[PDB]
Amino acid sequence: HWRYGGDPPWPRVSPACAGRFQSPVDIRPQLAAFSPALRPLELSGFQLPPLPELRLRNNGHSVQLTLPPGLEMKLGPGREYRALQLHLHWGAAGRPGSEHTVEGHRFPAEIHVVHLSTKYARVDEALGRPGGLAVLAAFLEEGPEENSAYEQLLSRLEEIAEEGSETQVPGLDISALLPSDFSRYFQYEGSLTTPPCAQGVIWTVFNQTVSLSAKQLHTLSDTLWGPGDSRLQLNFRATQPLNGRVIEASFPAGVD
């Protein structure tokens, strides 16, 4: 496979990673285009019952939770999606590791919930098509309290610490891993943030963060191993030039 930071650049092996409209990006809210057509996000089916369980796996680049069929997400008219999986990006002891930044600010970690457009039956058909995939992204920051929803996942990392290992977790309310404010977000068109870096992905970044305790953020960043005998840390791609793309905001943003 490929690696974060290490190895030689990605375009050597995956030339699409040198495309012009890549993710992640630095969001500057005062320069985002206010778009009142961007209405509150709509999710359904995200409150899962305890059974069947969900697969949780350390793939060497992140921890990835496989979602069951039936999770629906709507960005707007004509833009309906089904959720496939969620995974995270983080830093290290101290160091933040979100993928997107806000005015150059990097947050402790970031969650990505990846979705397939209802236009397509299979991910392979949607790759590279405009709108074929959509990601919901939220920043994770340090709060004073244990976050109970995340603890359901974070308490299971120790058992998948080795690269390639997997476990099963009870169904949970996936929407409780996301912010409560569905009305304020940024949206733009970019790419997958790992090879093959396919373009056409609609990114929606919540303005509101989710809060984890310090211990929880330490558990996320320090438990897993990656390729070789290396710790799975700092698993974020550098931000990419906008190259003339306009980031939209669903709310009046970046004032004072």
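Sequential numbering from 1, following the sequence displayed.
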Checklist entry - Between 212-220 and 227-235, which has the larger average Cα B-factor in the PDB entry? => result 227-235
Next on the checklist: Per the record, averaged over C-alpha atoms, which has the higher B-factor: 201-209 or 25-33?
Outcome noted: 25-33
Checklist entry - From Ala121, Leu86, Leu71, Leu140, pick the one with the largest CA B-factor in the entry? => result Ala121
Next on the checklist: Using only the C-alpha B-factors in the record, can you name which of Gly132, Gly97, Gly164, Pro170 has the highest?
Outcome noted: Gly164
Checklist entry - Taking the entry's C-alpha B-factors for this chain, is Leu153 in the lowest, middle or highest third? => result middle
Checklist entry - Lowest, middle or highest third: where is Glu103 by C-alpha B factor in its chain? => result middle
Next on the checklist: Among the modelled residues of this chain, does the Cα B factor of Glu80 put it in the lowest, middle or highest third?
Outcome noted: middle
Item to check | Record-listed C-alpha B factor of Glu110: chain third | outcome: lowest
Checklist entry - How does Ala126 rank on Cα B-factor within its chain, lowest, middle or highest third? => result middle
